[PDB]
Amino acid sequence: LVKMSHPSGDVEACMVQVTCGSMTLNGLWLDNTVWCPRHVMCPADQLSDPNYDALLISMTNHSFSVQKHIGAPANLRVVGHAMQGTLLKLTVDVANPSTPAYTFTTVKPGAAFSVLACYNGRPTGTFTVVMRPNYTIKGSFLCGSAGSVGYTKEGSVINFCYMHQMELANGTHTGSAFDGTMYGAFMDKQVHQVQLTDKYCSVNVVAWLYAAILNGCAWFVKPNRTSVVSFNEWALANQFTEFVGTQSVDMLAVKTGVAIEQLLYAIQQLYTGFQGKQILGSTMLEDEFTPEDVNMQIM
Amino acid sequence: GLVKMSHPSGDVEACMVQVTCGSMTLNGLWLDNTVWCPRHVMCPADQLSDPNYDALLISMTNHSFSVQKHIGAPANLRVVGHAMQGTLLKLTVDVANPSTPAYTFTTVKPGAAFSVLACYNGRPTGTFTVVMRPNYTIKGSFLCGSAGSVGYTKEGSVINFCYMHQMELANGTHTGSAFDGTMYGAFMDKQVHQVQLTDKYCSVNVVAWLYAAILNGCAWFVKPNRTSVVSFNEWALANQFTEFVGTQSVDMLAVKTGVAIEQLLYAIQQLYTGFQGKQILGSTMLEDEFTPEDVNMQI
Ligand SMILES: CC(C)(C)c1ccc(N(C(=O)c2c[nH]cn2)[C@@H](C(=O)NC2CCCCC2)c2cccnc2)cc1
Ligand SMILES: CC(C)(C)c1ccc(N(C(=O)c2c[nH]cn2)[C@@H](C(=O)NC2CCCCC2)c2cccnc2)cc1
């Protein structure tokens with residue numbers, strides 16, 4: 001059970017550097033469009049209250065410089081600009097010759113995706129995250145990583161689901177979907193904002209306990225059961241998400257012979273403390289492995 | 001708040017090929033005019049118990065090997081010579097990889113981290129990072145057909161290829177070769193049950209993790225007491241720890257925190273007998289999978 005990411009080559013070929021005035025960050029070049037956070041337009045003196053409608057008017061095509069450093073370089077010419085929620089949509093006069101087949105879909109809490117971290121348009125690392133129940137993610141993002149993208153891949157099709165926007169007050173990160181909406185509705189300004197409480201992703205904890213059983217670690221399995229409806233009542237009071245079963249979870253239950261409701265009961269007990277014991281090299285519950293992850297990696 | 005980070009894999013993806021010999025197929029690494037792959041692709045499927053690789057090489061002919069590139073513009077690559085180096089084959093092909101990165105071949109040491117590109121049938125499917133264990137295995141996520149998958153580090157634009165995947169051991173752990181051809185831990189590429197040595201804690205990585213704990217406000221384990229490196233290292237031989245070897249990366253953590261290596265070596269001796277009633281970054285067990293370099297670049 002390792003933290004697995006998709007191979008990043010397809011997305012690396014799309015990363016560019018976008019500069020506007022004194023701001024520089026990353027953009028995603030797909031066909032004739034370069035996507036980037038709209039806060040590239042924010043002046044250094046208006047961090048706390050930018051008017052993005054106003055800033056958009058004051059811009060022309062010549063206000064944005066776009067450079068591709070990786071691979072086959074350029075030196076793109078911006079020939080149009082528009083704003084879409086919290087994103088800039090720049091039109092450039094060359095279609096990216098390495099554009100993958102792609103879609104734009106918003107991810108839901110508990111779902112995993114790969115992130116390609118970039119600085120000044122250069123990819124530097126990749127890792128996998130889950131969208132937290134409070135619509136934040138915990139990866140490794142340093143200064144200038146804005147515009148780094150998160151994505152999944154199915155067959156030949158990349159689903160772009162995240163473009164990094166900002167660090168929040170609790171050391172945590174959020175970003176936009178490519179429809180322009182910010183995950184969790186955070187504002188792209190220097191302003192005090194509160195994030196809701198995080199929660200354990202119940203269905204991923206279930207998947208992880210199934211991975212433990214599959215690896216011969218089942219000391220926590222009892223005959224006792226908690227129904228889904230009763231677990232979901234308990235979860236509201238203990239910062240767990242609502243458990244929603246899936247065909248992926250059912251495959252693990254069939255394979256191990258341990259019912260979902262046995263693991264729901266185990267979670268309730270393990271939340272109280274592991275006593276002196278370990279599960280898959282961990283002394284706490286793990287909720288960043290999805291049922292699909294466990295099925296892929298162990299079956 | 002450490003995360004498992006891998007290098008972007010695009011450069012390496014462009015070098016992966018599929019190598020077929022008889023009815024056996026696995027992955028190869030295409031650099032300049034050479035394709036590297038595990039020599040057990042020559043082993044007949046009924047003869048896994050103990051092959052004679054010197055003889056198998058002799059019996060190979062002009063067209064015993066088929067190499068296919070699937071990524072990019074697909075192509076058959078004609079094999080024009082074949083050599084053996086340790087547990088790897090070195091196949092000469094008549095076309096040079098037009099996307100050969102600047103590269104070296106260095107053997108990694110236990111405790112060091114590297115990125116792995118997992119492939120099947122010459123097609124990359126995922127990337128993850130591991131540390132070389134003290135018993136010269138790695139805890140990867142590798143399924144059947146992953147042989148030939150490659151591990152590597154990067155410095156600047158130079159890729160250091162350090163691992164080519166060879167086999168899965170009885171305990172689910174994995175081993176492979178360095179590109180000089182030597183199998184890590186001298187494991188034999190035969191269908192023979194063989195014994196891996198007992199694992200150990202990577203001492204320099206536990207030190208790194210204690211430094212990350214101190215950087216995040218968790219320092220209750222720091223006392224004035226010191227254990228010298230030489231004293232720690234003799235203790236380590238009897239208590240399942242690797243020898244401690246300092247590096248410039250560790251030194252930078254010492255400077256940032258004002259805590260000396262020898263204070264943490266003392267602390268490790270105490271934490272090994274027990275955390276008593278406390279936790280370190282929420283955990284009650286020692287973490288040795290993050291390197292000094294990881295902590296320096298992430299915190
Ligand atoms: C203009 C605006 C909206 C206030 C803003 C300012 C800076 C950035 N940050 C850029 O690093 C960066 C680089 N280029 C442009 N911005 C960083 C960032 O969020 N600091 C926040 C700290 C206080 C709350 C507001 C901003 C950042 C660091 C590490 C990982 N992720 C992002 C993001 C948004
Ligand atoms: C010929 C030789 C040396 C005995 C051998 C045979 C099979 C493989 N394995 C290939 O999957 C595979 C695919 N193509 C060629 N080999 C698998 C493997 O190690 N089973 C071991 C089982 C008992 C001990 C011998 C090998 C494998 C599975 C998952 C992840 N990693 C490797 C590796 C080496």
Side-chain angles (χ1 to χ4, degrees), chain A residues 3-16 25-31 33-39 84-89 96 99-118 123 125-141 145-168 172-186 188 195 198 201 203-204 241 244 246 248 287-293 296, chain B residues 3-6 8-10 125-127:
Chain A
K3 293 294 178 73
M4 184 89 59
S5 294
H6 293 290
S8 62
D10 291 333
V11 171
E12 293 174 47
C14 297
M15 295 316 301
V16 299
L25 47 72
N26 308 283
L28 186 72
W29 184 20
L30 306 173
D31 297 319
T33 301
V34 173
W35 296 95
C36 75
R38 76 182 170 168
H39 66 59
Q84 192 173 294
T86 59
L87 293 184
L88 276 185
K89 188 172 163 174
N96 184 354
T99 303
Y102 77 88
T103 64
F104 290 154
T105 302
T106 304
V107 286
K108 320 187 101 140
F113 56 95
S114 297
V115 172
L116 179 62
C118 306
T126 192
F127 47 88
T128 184
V129 301
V130 297
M131 181 53 69
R132 297 307 310 177
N134 65 356
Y135 293 93
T136 68
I137 68 171
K138 324 167 168 165
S140 188
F141 294 95
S145 59
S148 294
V149 307
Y151 56 95
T152 57
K153 183 164 202 208
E154 177 159 42
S156 65
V157 184
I158 300 192
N159 180 64
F160 291 107
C161 55
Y162 180 91
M163 168 161 285
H164 183 60
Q165 286 275 359
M166 65 196 322
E167 185 176 302
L168 297 169
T172 280
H173 307 109
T174 199
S176 319
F178 282 78
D179 65 5
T181 71
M182 187 82 72
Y183 284 98
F186 300 103
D188 44 347
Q195 326 97 28
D198 210 357
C201 299
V203 69
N204 295 347
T241 62
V244 183
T246 70
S248 195
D287 76 341
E288 300 239 342
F289 292 105
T290 70
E292 294 86 2
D293 285 338
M296 292 192 290
Chain B
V3 316
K4 253 53 193 294
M5 198 161 338
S6 294
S9 59
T125 60
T127 190

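For the numbers below, each heavy atom of this structure counts, side chains included, while hydrogens, waters and symmetry mates do not. Just so it is clear: chains get the letters A, B, ... in the order the sequence lines come, proteins before strands, and each one is counted from 1.
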request  = Output, in order, the C-alpha distance, side-chain angles, deciding distance and verdict of side-chain contact (heavy atoms from CB on, under 4.5 Å) for A:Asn204 and A:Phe289.
outcome  = CA-CA 6 Å; A:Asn204 295 347; A:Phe289 292 105; 5.7 Å; no
A:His39 and A:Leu25: CA distance, side-chain angles, deciding distance, side-chain contact (heavy atoms from CB on, under 4.5 Å) verdict: CA-CA 10 Å; A:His39 66 59; A:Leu25 47 72; 3.5 Å; yes
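In this structure, A:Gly27 and A:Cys36 approach most closely via the heavy-atom pair CA-CB, 4.1 Å. Nearest heavy-atom pair across B:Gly126 and A:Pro7 is N-CG, 3.5 Å. Of all non-hydrogen atoms in A:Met15 and A:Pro123, the two that sit nearest each other are CG-CG, 4.4 Å. Closest non-hydrogen pair, A:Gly175 versus A:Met182, comes out as O-SD, 3.3 Å. The nearest pair of heavy atoms linking B:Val3 to A:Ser140 is CG2-CB, 3.7 Å. Closest approach of A:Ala177 to A:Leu87, counting heavy atoms only: O-CD1, 3.7 Å.
The CG atom of A:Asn26 lies 8.0 Å from the CE atom of A:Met163; values are rounded to the nearest 0.5 Å. Rounding to the nearest 0.5 Å places SG of A:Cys14 at 5.0 Å from CZ of A:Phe160. Distance OG1/A:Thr126 to NZ/A:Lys3: 12.5 Å, rounded to 0.5 Å. We find the OG-CE distance between A:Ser248 and A:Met296 to be 8.5 Å, quoted to the nearest 0.5 Å. Atoms CD and OG1, on A:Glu292 and A:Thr246 in that order, are 5.5 Å from each other to the nearest 0.5 Å. Between the CE atom of A:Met166 and the OG atom of A:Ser145 there is a distance of 11.5 Å, given to the nearest 0.5 Å.
Between the A:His173 side chain and the A:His164 main chain, no donor and acceptor come within less than 3.5 Å of each other. Checking side-chain atoms of A:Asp10 against main-chain N and O of A:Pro100 turns up no donor-acceptor pair under 3.5 Å. In this structure, A:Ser148 contributes its side chain and A:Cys118 its backbone to a donor-acceptor pair below 3.5 Å. No donor-acceptor pair under 3.5 Å is formed between the side chain of A:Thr174 and the backbone N or O of A:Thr136.
The closest side-chain donor-acceptor pair between A:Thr86 and A:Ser176 falls under 3.5 angstrom.
Under the side-chain hydrogen bond (donor to acceptor under 3.5 Å, both in side chains) criterion, A:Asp287 pairs with A:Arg132, not counting sequence neighbours.
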Residues 102-117 of chain A, side-chain donor-acceptor partners within the protein, below 3.5 Å, at least two apart:
from, atom 1, to, atom 2, distance (Å)
A:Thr103, OG1, A:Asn159, OD1, 2.8
A:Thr105, OG1, A:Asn159, OD1, 3.1
A:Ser114, OG, A:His6, N, 2.8

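Using a 4.5 Å heavy-atom cutoff, the side chains of A:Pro37 and A:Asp188 are not in contact.
Among residue pairs with one or both ends in residues 156-166 of chain A, none qualify as salt bridge (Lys or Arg N to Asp or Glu O under 4.0 Å); sequence neighbours excluded.
No option in A:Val149, A:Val129, A:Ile137 other than A:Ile137 meets the side-chain contact (heavy atoms from CB on, under 4.5 Å) test with A:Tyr162.
The aromatic rings of A:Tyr183 and A:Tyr135 sit parallel to each other, their planes meeting at less than 30°, with 60° as the upper class boundary.
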